[PDB]
Amino acid sequence: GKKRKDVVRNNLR
Amino acid sequence: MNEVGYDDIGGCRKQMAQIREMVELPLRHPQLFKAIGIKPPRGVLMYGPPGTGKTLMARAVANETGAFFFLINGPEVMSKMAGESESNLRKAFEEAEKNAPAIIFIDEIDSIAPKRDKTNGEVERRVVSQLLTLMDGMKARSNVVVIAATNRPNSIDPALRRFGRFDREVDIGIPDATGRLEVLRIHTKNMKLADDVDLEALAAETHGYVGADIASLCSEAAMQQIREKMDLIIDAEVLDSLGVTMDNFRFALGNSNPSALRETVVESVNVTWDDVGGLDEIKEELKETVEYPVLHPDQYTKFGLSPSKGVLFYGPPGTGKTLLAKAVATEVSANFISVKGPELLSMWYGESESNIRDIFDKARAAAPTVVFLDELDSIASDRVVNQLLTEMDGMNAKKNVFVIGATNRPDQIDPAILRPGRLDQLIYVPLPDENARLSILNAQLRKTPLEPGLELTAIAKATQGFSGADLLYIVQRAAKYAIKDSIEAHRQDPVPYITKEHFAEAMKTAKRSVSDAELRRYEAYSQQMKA
Amino acid sequence: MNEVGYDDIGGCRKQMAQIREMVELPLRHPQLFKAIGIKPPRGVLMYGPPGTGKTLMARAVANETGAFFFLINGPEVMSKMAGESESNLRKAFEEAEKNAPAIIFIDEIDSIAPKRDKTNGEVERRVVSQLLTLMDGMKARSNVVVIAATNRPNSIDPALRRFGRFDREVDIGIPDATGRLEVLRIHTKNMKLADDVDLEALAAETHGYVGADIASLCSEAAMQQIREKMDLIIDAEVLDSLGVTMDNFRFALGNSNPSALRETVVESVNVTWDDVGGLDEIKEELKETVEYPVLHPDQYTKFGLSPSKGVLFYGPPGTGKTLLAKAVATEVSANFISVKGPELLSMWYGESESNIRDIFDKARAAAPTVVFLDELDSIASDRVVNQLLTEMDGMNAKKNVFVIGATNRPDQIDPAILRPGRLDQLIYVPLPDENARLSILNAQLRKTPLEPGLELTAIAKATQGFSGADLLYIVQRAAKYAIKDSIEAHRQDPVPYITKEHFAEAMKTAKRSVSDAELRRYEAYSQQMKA
Ligand SMILES: Nc1ncnc2c1ncn2[C@@H]1O[C@H](COP(=O)(O)OP(=O)(O)OP(=O)(O)O)[C@@H](O)[C@H]1O
Ligand SMILES: Nc1ncnc2c1ncn2[C@@H]1O[C@H](COP(=O)(O)OP(=O)(O)O)[C@@H](O)[C@H]1O
Ligand SMILES: Nc1ncnc2c1ncn2[C@@H]1O[C@H](COP(=O)(O)OP(=O)(O)O)[C@@H](O)[C@H]1O
Ligand SMILES: Nc1ncnc2c1ncn2[C@@H]1O[C@H](COP(=O)(O)OP(=O)(O)O)[C@@H](O)[C@H]1O
């Protein structure tokens, strides 16, 4: 997703 | 909560994109740089008025790119013996080098590397020399990018701006109305905002509000709402009912102190041609002087010409010269800078924070731009005159930088200005026209209600040869009379509009600003020069 | 003798309420802030003249809240420096965090963060940074608050006023008569006071006494009483007879001096229009000018008409240019402030403890306020004029701050001050007329123990050409003659009154302090302005 990140929506921001 | 993406900033699309490219291309895709065969840029110097979001922007880019981010403060590392600070700096650079890709954020670089003229301590020179050596020593292969932040871009050693150093400069000026609205929206993404709000009106009213001031205003509004709701006191009816109100924002606006306007800075403009009252011949002459070259560079290059960077206005005061300058700056979509009286007189006396060199360099960096000097004769001292002469002679070929001056006494000013390579273009402000005065009155009365189809022709034909300021003074006098009448009626808005009596009273009390003898002398001088 | 409750604070109810509301809510009731979704403020900065009870107020609020209190002096941190500076602050912050709720109370914060200029230290820079970083780092849930205290609000880096630092400012001024009475009552709780106590009169006469000075006065009164009682001096009979008397307080006043009135401070006023008679039209005009926007700001903003807060008074000296300003301030219930001509001269020479910038900052922080510039033309000064102009231009019309300048020579007052958006409104103050003079004599004579049988017309007619000061001088000379007669009769209280003979002698011996030529010139200039 974003913020170099990869309940799910909060985790992926 | 210590992570913020590009979505957490607003009003800086141009600067945001500049930083994005200049700090992601060298890191994300270094291969193309070697494919062309150049050394990718390393230094990046972002500067702006304090509290404009420099640190937040740097943190946002560093966190979003997901790159190694070594952070170095200013005074923290500066307050120590030469061995310790060099130790600190060398360790920072080595750590950034070892774990690539790396970004070094040397915050408050001004304290580390100030100007030698006033601060010549050996410690500063040693630190600057080591910093330069480290900056040049970075390997091309290594993905290291250095970012520095400061509030006075001209208050650092010039050596840091040479090629191979902090060459690419970025200027973060005051956010515009759209920028202010975006900032307000960003900050007000969690408050229990009430339905009634005027965010657009808040943006319109807030002038010279940097992001920090906007955040402070939002916090103050929330505190005011809490204070208002504290009288009833925990009940969930109180908790859910809590919500900010536009009146809270107005109170906060009344109880805040913006500080951006304190010193000279770069501001946008939005004035248009129709805002002026006419004088189309002077508009066309000025267009030929300034704007047409920008839109027809090929013709000038073919036939062979260069833009005449500089025009001096003279005439009666309060004739809309500032409006003309703002309109001209707007028509070229260029930022506008102004200096008025004390702004330059303080530098003339030396007690100030910005020099003429500072403003000129800012204008160059934010090019294209228009710099306007009001009451230019106010200094006609020798030092500032010489500095202005040198800067004007230092005009760029095709950078579109233009300088305009305001002065009603051209003779007093040093004749050195009116020579080739300088403000050889002279423009006189003629008398306002009846149609121009009527249009000005209508524009000033866009919001104030009056008689439907009010008879202003009588006033326009009665006000012949009067300066622009007379129209505004008359309008204010009539408005004051109308407010007084409404207050008297209420105490003793049934008459929202205004009849002719207020204007008649204003005319009886009103007097011309420009004297007949002075106007005659100005016209005679203008005609003699024209001859 | 700690654990002093609110009972040990008087004369500063508003400031105490502000501090209580701003401290208890973050600590005792933080759930509201998370409900509305904002980080509760931490940055509180209270400043005031030395010995005004700042430390005592902080101690009292901390003890009443029951939160772990901690103190970090200035000299203590500056007496060690080296490696103890940062460690002490870090351990203090850790202790507060682990014992939340807690309050950190700094003293003389200027010594640890002086306002930055050419004369700037280097050691402070790291401590300040460390402090700033720690405060920002404190978690929202942690019930911690930081309070500073400096004598000069504009003597610290304006960096501590940014969002996330000490922004919530509080100003403490000289307590009023009620405040002084409350302070005296609080201190006067253990002395075996004699029945001869006139605390109300003491409060009324004591003007410009801070709480510390009042405590010193009580100490000196006790010392005087024991000095008187030393003769019989331990036997309990003498000890029981101990008790202070009004004479002791008078002696202490005669042997005690203030320490705060000299510097520019904010104080309350209670003058009313009834004090000054005549010029009713001027009163109505000034009311419409200043009060009406305050009384009805909504209508004023609806009907445009941006207020022109620069109102100047010109005319012969002693015409009452201060009572008008005091009455204006009283009407708005604002904290009136005055700056005299010697203050401006000291600023011009540069050997002045304060600057006009500091005065205007105090005015803003104490808004609403009415500032009075006495002897404005005394400067005739270009530097100070430019500074004042810049400060005025830096004042937003929305803020409820009004400025009034007094000058007897408008001819030599500087056109730059008369521009629109500035001190442009002009008013002429002539001498009082027969009715005005008689009203002044009546009101002033109220304090004097006059003798019935005053001649209204006889006193008023001959007094043509006399301003308020001349009438005051005639009254004082008549009282001096009465005192001479009384003392002569006593040596060789049959006369607690004054017969008409004293006033007749004084008025037959009087003089015109204002000449006819200057009055003619003033009226001619007034007619020229009207034309
Ligand atoms: N878009 C924005 N532009 C500017 N400030 C913003 C913006 N959004 C939020 N802010 C707030 O404004 C301030 C910007 O950050 P900060 O105070 O560090 O700025 P700065 O003056 O550049 O910092 P420093 O001089 O310490 O490096 C912070 O309070 C941030 O919360
Ligand atoms: N179309 C117009 N024609 C004449 N005067 C105008 C016009 N538009 C605005 N003005 C007046 O001219 C002012 C701008 O000129 P100003 O800055 O007062 O000149 P100066 O710098 O010589 O004092 C406006 O604020 C307004 O009072
Ligand atoms: N309401 C009050 N305002 C001011 N001072 C007060 C008040 N009540 C008591 N005092 C006494 O006045 C003196 C003020 O000194 P202190 O409290 O240390 O303040 P500062 O730190 O400004 O000197 C102390 O003796 C204090 O106890
Ligand atoms: N309406 C009035 N006009 C003039 N003097 C007055 C008026 N009412 C009272 N006075 C007396 O005149 C004095 C003028 O003193 P002050 O205000 O200091 O004068 P100035 O400001 O002109 O130096 C007042 O203190 C008061 O005693």
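Read-outs: derived from the displayed coordinates by stated rules, not from any lab. Here the Cβ positions follow ideal geometry from the backbone for every residue, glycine too, while neighbour counts run over all protein chains shown.
Side notes on the structure shown:
- Every condition in (1) hydrophobic (A, V, I, L, M, F, W, C); (2) out of contact with any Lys or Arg (no Cβ under 9 Å at 6 or more places or on another chain); (3) within 11 Å of another protein chain (Cβ to nearest Cβ) is met by B:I214 except one, and the failing one is (2).
- Test: residue in the range C:176-183 that is polar (S, T, N, Q) and under 28 Å from B:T119 (Cα atoms): no
- Residue list for the range B:130-174, restricted to those being hydroxyl-bearing (S, T, Y) and touching a helix residue (DSSP H, G or I) at 6+ places or on another chain (Cβ under 9 Å): B:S142, B:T150, B:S155
- Members of the range B:407-426 found to be of a type in the set (A, V, I, L, M) and either touching a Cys at 6+ places or on another chain (Cβ under 9 Å) or surrounded by fewer than 17 Cβ atoms within 10 Å (Cβ to Cβ) (or both), listed by number: B:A416, B:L418, B:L426
- If you check C:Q31, C:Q18 for being within 14 Å of chain B (Cβ to nearest Cβ) and exposed (fewer than 13 other Cβ atoms within 10 Å of the Cβ), only one passes: C:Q31.
- Single residue of the range B:97-129 satisfying the filter (hydroxyl-bearing (S, T, Y) and assigned to a helix (DSSP H, G or I)) that is surrounded by the fewest Cβ atoms within 10 Å (Cβ to Cβ): B:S129
- Subset of the range B:254-270 [buried (at least 18 other Cβ atoms within 10 Å of the Cβ) and either over 9 Å from B:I174 (Cβ atoms) or at the interface with chain C (Cβ under 9 Å from one of its Cβ atoms) (or both)]: B:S256, B:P258, B:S259, B:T264, B:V269
- Test for C:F70: is it more than 14 Å from ligand 3 (Cβ to nearest atom), away from every other protein chain (no Cβ under 14 Å), out of contact with any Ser or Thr (no Cβ under 8 Å at 6 or more places or on another chain) and not in a helix (DSSP H, G or I): yes
- Selection within the range C:23-55 - under 24 Å from C:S155 (Cα atoms) and part of a helix (DSSP H, G or I): C:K54, C:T55
- Residue in the range B:277-298 that is assigned to a loop (DSSP other than H, G, I, E, B), under 30 Å from B:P175 (Cα atoms) and either of a type in the set (A, V, I, L, M, F, W, C) or within 23 Å of the chain's Cα centre (by Cα) (or both) present: no
- Residue within the range C:455-478 that is more than 16 Å from ligand 2 (Cβ to nearest atom), in a helix (DSSP H, G or I), away from every other protein chain (no Cβ under 14 Å) and acidic (D, E) present: yes
- For B:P494, the conditions (1) in a loop (DSSP other than H, G, I, E, B); (2) within 12 Å of chain C (Cβ to nearest Cβ); (3) away from ligand 2 (no atom under 14 Å from the Cβ) are fulfilled apart from (2).
- Filter result for C:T133 (among the polar types (S, T, N, Q) and not in a loop (DSSP other than H, G, I, E, B)): yes
- Within the range B:347-406, considering residues that are small (G, A, S) and in a helix (DSSP H, G or I), the one surrounded by the fewest Cβ atoms within 10 Å (Cβ to Cβ): B:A365
- So B:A194, is it within 11 Å of another protein chain (Cβ to nearest Cβ), away from ligand 4 (no atom under 16 Å from the Cβ), farther than 30 Å from C:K362 by Cα and among the aliphatic types (A, V, I, L, M): no
- Pick from the range B:226-249, criterion more than 9 Å from chain C (Cβ to nearest Cβ) and under 21 Å from B:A204 (Cα atoms), ranking: surrounded by the most Cβ atoms within 10 Å (Cβ to Cβ): B:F249
- In the set (1) among the hydrophobic types (A, V, I, L, M, F, W, C); (2) surrounded by 15 or more Cβ atoms within 10 Å (Cβ to Cβ); (3) under 23 Å from C:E267 (Cβ atoms), the condition left unmet by C:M191 is number (3).
- Residue count, the range B:194-219 (criterion: away from ligand 1 (no atom under 15 Å from the Cβ) and surrounded by 18 or more Cβ atoms within 10 Å (Cβ to Cβ)): 1
- Residue check, C:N190 within 16 Å of ligand 3 (Cβ to nearest atom), more than 28 Å from C:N335 (Cα to Cα) and of a type outside the set (G, A, S): yes
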